[PDB]
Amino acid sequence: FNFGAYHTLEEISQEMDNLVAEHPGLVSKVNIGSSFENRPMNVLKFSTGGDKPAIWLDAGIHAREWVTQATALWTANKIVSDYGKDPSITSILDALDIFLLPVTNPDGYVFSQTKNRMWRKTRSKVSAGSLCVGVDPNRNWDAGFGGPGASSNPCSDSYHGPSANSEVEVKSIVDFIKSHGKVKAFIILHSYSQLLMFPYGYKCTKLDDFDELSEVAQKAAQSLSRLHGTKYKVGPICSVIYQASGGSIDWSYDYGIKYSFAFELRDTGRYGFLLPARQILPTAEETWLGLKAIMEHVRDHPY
């Protein structure tokens, strides 16, 4: 399997199944729902066993950000390859389970690979009258739903949908998290801009855990930087990128999940969403150092 190339959804699913079959005592596949076009929403669960808290990690909520899905897939392989050898991932997995959703919007991903390379949204049909397709799945969460930075126009790239959790992909994630009940970190991957962010996107005020989330984000950005010299900027969503009501980490934080972070991966605009395949591996490797720093902090600070 070549982790340094973009793959079709069929290729991704096969590799997820190959991972499970070659590491049965550590990885399992959990289906949490289905897409609008009825494709299975499969999460990989990494666990050493026992009733324990968990970290949620997702990628590809926006179809066109192909470096995210590729990074999530390489990350799955990196956990299984390093478990038992690297002391840090080994001790992380003694304390916590990791849930990883590589392709959060499978319908959009396939549409972007076959018809439109810039597609962002889901592929649901609009309940109007509308002639436009799809909802922005990162404006559909119940956290300042409908506010600034989200549109009521179905033809917009930031359309919020008719109501919070209208998209089955999003409702499938919310239902899993609420049923699980012990999720302690929520991390979502987007591309581009090179930013490591924490709540609020729906408002520009400081959240209660500002000082701790800022320090954790700065430490992760530091660790990321050390491999290839790539520099990230850190801050709340609202001030470092833009206001964006109805986002996932605003929902997770307000639900009580304190370590809620968002990455904008590589690049800063030279290639944008069309990141060369030659940059997949360098992007995934350095992102792993940032991810590991955040998970170490979750491991060391139970709540």
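Start at 1 with the first residue shown and count on from there.
For the pair 111-119 and 207-215, the mean Cα B-factor is higher in 207-215. The PDB entry records a higher mean C-alpha B factor for 129-137 than for its counterpart among 94-102 and 129-137. The PDB entry assigns its highest CA temperature factor, among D250, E65, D51, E264, to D51. When the modelled residues of the chain are ordered by C-alpha B-factor, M41 sits in the highest third. In this PDB entry, the Cα temperature factor of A220 sits in the middle third of its chain's modelled residues. Placement of the Cα temperature factor of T75 within the chain: lowest third of the modelled residues, per the deposited record.
Sorting the modelled residues of the chain by their CA temperature factor places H160 in the lowest third. Sort the chain's modelled residues by C-alpha temperature factor and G269 lands in the highest third, per the entry.
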